Amino acid sequence: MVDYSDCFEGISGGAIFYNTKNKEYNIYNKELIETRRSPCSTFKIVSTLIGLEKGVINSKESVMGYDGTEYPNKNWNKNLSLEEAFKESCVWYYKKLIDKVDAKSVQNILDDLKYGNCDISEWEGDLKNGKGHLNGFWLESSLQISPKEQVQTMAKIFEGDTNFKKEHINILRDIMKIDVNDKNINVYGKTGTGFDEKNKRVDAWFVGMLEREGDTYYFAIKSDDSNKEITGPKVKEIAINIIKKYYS
Numbered sequence: 003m004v005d006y007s008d009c010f011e012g013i014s015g016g017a018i019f020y021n022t023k024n025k026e027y028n029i030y031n032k033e034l035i036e037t038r039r040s041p042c043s044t045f046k047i048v049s050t051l052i053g054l055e056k057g058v059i060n061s062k063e064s065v066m067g068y069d070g071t072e073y074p075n076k077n078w079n080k081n082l083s084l085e086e087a088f089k090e091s092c093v094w095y096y097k098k099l100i101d102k103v104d105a106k107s108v109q110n111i112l113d114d115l116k117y118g119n120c121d122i123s124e125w126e127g128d129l130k131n132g133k134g135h136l137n138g139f140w141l142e143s144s145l146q147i148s149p150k151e152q153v154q155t156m157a158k159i160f161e162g163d164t165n166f167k168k169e170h171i172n173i174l175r176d177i178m179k180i181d182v183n184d185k186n187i188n189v190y191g192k193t194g195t196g197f198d199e200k201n202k203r204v205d206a207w208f209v210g211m212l213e214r215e216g217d218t219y220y221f222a223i224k225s226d227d228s229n230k231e232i233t234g235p236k237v238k239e240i241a242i243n244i245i246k247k248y249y250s
């Protein structure tokens, strides 16, 4: 067990890095990285592949059709492409995408990926939050997955152990790429932000992978802090600081 607490700056959380070559996990806060939580927008990693496999989308330019709804997040107020929807965490784009897939197809895909509890029973999500259509089973709802399960899923996807086509995995890798001011390492990932109203804790995520030299690490950084200021973007900052101090 490793310690990356310095990079969390007192924020409650954990981190897990997996290297498929030596099959070793670098774990900070074992109990937390084994705890299932809503994946929130990190689910876009899998929903992108589901959309591509089912032909709902076909490329980084794919559009879903914008109905003109004025959303609080002005970055969502246009007919944005798959690459834009992924980077802006556009819930309306991905909810419209998943609504075109049969629940049986989603269930079989998650069960085959061993995606946590694979529970999509609350398809429409937690309507009690008053957000109407800006909800889904992956947003503080029935679907739950641990940080360790996220890393295991990432590894199966990118090491080619799933049924997904390599051309679709390559589209996902492209839209997941992030800039860390260092061409010596390649970082890919997706943020997730939610608040667990029942337990009064955030679900703040940064899930992805690091490619350096001849090594690849699949990682999941997670916060369960009480402070609602702790969002996916904040956990992304912590993840980049962990990568800079312990993986560079």
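Here this note's numbering = 1-based position in the sequence shown + 2.
Virtual Cβ for every residue (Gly too), placed ideally from N, Cα, C.
Check: Given a cut-off of 8 Å, decide if residue 89 and residue 171 are closer than it, judged by their beta-carbon atoms.; Outcome: no
Check: What is the DSSP secondary structure of residue 221, counted as helix, strand or coil?; Outcome: strand
Check: Going by DSSP, what residue range makes up the alpha helix (DSSP H) through residue 234?; Outcome: 234-248
Check: For residue 195, which of helix, strand or coil comes out of DSSP?; Outcome: strand
Check: Does the pairing of the region 25-45 with the region 191-207 give three or more beta-carbon distances under 8 Å?; Outcome: yes
Check: If I follow the unbroken alpha helix (DSSP H) through residue 66, where does it start and stop?; Outcome: Taken as a continuous stretch (DSSP letters only), residue 66 belongs to no alpha helix (DSSP H), as it is neither H nor E.
Check: For residue 215, tell me which candidate among 234, 187, 227 and 236 has the shortest Cα-Cα distance.; Outcome: 187
Check: So the candidates are 206, 226, 219 and 151; which of them puts its Cα closest to the Cα of residue 237?; Outcome: 206
Check: Whole angstroms are fine: how far does the CA of residue 137 sit from the CA of residue 25?; Outcome: 36 Å
Check: Expressed to the nearest angstrom, what Euclidean distance is found between the alpha-carbon atoms of residue 155 and residue 175?; Outcome: 14 Å
Check: So the alpha helix (DSSP H) residue 169 belongs to, where does it begin and stop?; Outcome: 168-178
Check: Taking DSSP's pairing of strands, which residues face residue 17 in a bridge?; Outcome: 30 and 223
Check: Name the DSSP beta bridge partners of residue 190, please?; Outcome: 179 and 211
Check: Alpha carbon to alpha carbon, how far is residue 77 from residue 59?; Outcome: 20 Å
Check: Within the chosen definition, does the region 59-75 reach the region 16-31 through at least 3 CB pairs nearer than 8 Å?; Outcome: no
Check: Which partner residues of residue 204 appear in the DSSP bridge assignment?; Outcome: 197
Check: Do you know offhand how far residue 85's Cα is from residue 63's?; Outcome: 7 Å
Check: From what residue to what residue does the alpha helix (DSSP H) around residue 3 run?; Outcome: First-last for residue 3: undefined, no H or E at that position.
Check: Exposed or buried, which one is residue 12 when buried takes at least 16 other CB atoms within 10 Å?; Outcome: exposed
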